[PDB]
């Protein structure tokens, strides 16, 4: 039920939509191709059967920002017009299933539970972005990075000996995209955390040596 998200990646997946894909339209996308073209008006939920999509917002002046990443069993909830210009691209070969409003009616008539999984998915997203705005108005850049690593360890940290391991690739670029923080500050904070023997943000893994001090510093 739990509709929390720490990072804007794989928001509340709904594997069970796989059972309904013959009610929608299968559309495939080569690596680097546009799932949602800039300016295109989308009026379908887009279910990600397999692959990976990066979904950005583009402003009036052409400026572009990450909204989220999506992988297998993710849902793009763009059933109605929103006034935002979205650009979504396939990061690898990607199979999607596009569900119109009418096709969704057929889904819910078959399985009423699908309704509530989609509410979960929407709610996850609201809670994540609403919190993020508030947090950006409350904590400074270094604090946001520390709060991110703390929350991530608290959530996903697996006790390996005297440490917690977070088994994920989280690049410096992505931490910047997520936190809004510029690259030099991201570099500097990561480097201190490692020099202070607190955490070591590696390529394929984050090792937290001293979670109590990360928590303390995040405050």
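Positions refer to the first chain, counted from 1.
- Mean C-alpha B-factor is higher over 140-148 than over the other stretch, the pair under comparison being 114-122 and 140-148.
- The deposited model assigns a higher average Cα B-factor to 200-208 than to the other stretch when 200-208 and 18-26 are compared.
- Annotation for 49, 70, 178, 57: 178 ranks highest, by Cα B-factor.
- Among all modelled residues in this chain, the alpha-carbon of residue 192 has a temperature factor (C-alpha) in the highest third.
- The entry lists a Cα temperature factor for residue 35 that places it in the lowest third of the chain's modelled residues.
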